[PDB]
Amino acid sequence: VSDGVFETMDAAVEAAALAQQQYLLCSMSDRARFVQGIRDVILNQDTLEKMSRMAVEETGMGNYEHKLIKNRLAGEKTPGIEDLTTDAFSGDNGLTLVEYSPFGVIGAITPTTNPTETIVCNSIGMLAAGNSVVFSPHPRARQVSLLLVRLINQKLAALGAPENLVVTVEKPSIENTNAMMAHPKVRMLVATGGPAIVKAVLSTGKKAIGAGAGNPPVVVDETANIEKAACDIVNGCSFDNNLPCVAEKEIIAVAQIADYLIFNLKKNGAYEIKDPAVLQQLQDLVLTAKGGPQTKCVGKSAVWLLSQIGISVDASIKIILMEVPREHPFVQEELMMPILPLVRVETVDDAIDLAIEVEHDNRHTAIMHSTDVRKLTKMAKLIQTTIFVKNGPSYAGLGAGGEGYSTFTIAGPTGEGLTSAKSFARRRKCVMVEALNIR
């Protein structure tokens, strides 16, 4: 049986195309079993700890126990075939049904920040909708991505699936990626990555879903539970060392509570920098001459980042915290590091205005800690982000401590929000004229 890995992109696409044709002859029960099969692969404790541990060691980014939670989140709260609902309308003209049907072959680009959660997430959703998927993994995570694909192909083969429902290439590269985007038998492109690769898949003449970039602010006003907010903000900021694109990247605190917030942040493992000389070193380490993030510090722990400036702290420190002006490079930039600047503002209305401004119109993600229903409503409505989290860690926006399903492909410019099976399906309308209206 094929393990799903192919030497060329064209060979993988052609096998996925044959596989999806065979897939159309499978029942919905087969789909459910295949979906459950993919959950069982990642939710198996040894494979969970293998994938989490293996991604840290090969990418050098993130940390092990947080990938346990993300990988389990993907396998547990990704919607299966139940996502493919049916609408019906019956009256004098008959019955109309609206269904979610497969697209065909979907090419899927996966990131080095969430290599396995994206594959688990994309695979389950795309296979639920009746598609086959070709993965072009990130080269920094190519061995952990390939191992997951091989494990999935073994499980699906064991469960009776057509071979090659989930395929990838042996040597991931952007050259294979560009061949995937050009291939006539790829009917849909899904890019989870930075804004360059998303613009690329929206330029190939075919249906594309692209993730978005975000610089998520978290506002805290005087009505918030400060103790809980500090716990949630540390947890959300240091989650997988600030790799997730929903992770908090600057605090905008109302002055009335800012100090007591900083106090409680420190209690939860924030390391506060007050010396501008120490702050200067950290700027020179984590930023280029550009002013933006430096790749070698992305995804690193706070303990690690601090050791590089000669400060030795134990494992209880999870984030590095500093109060700075709004113009500081750490607020304007999307560092993807557990370095959390705090801007002090006079009023909640000022906090909302700055949060909107600092969000750079990404319309991606924003967080607020407030119990005032009017202020929660006002900031949510104005900032207009794909995800908005009130009184919890940012990752509650993905189903970890918040209601709803989870995903690791969050659409930016294409508008689908948190993708699921439904997002990988074509809507069909079936009209039974003057019959089956049995009301």
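In case it trips you up, residue 1 is the first one in the sequence shown, and so on.
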Do the C-alpha atoms of 398-406 or of 46-54 have the higher average B factor in the entry? 46-54
Output the stretch having the higher mean C-alpha B factor in the entry; the candidates are 176-184 and 261-269. 176-184
So if I compare the CA B-factors in the entry for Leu202, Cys237, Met322, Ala213, which one is the largest? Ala213
Would you mind checking which of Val167, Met368, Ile311, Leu127 has the top Cα temperature factor in the PDB entry? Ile311
Pull the Cα B-factor of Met9 out of the PDB entry and bin it into the chain's lowest, middle or highest third. highest
Ranked against its chain, the third holding the CA B-factor of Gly37: lowest
Tell me, lowest, middle or highest third: where does the Cα B factor of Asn391 rank within its chain? lowest
Looking at the entry's B-factor column for C-alpha atoms only, identify whether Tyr100 ranks in the lowest, middle or highest third of its chain. middle
Assert third(CA B-factor, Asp83) within chain per record equals lowest
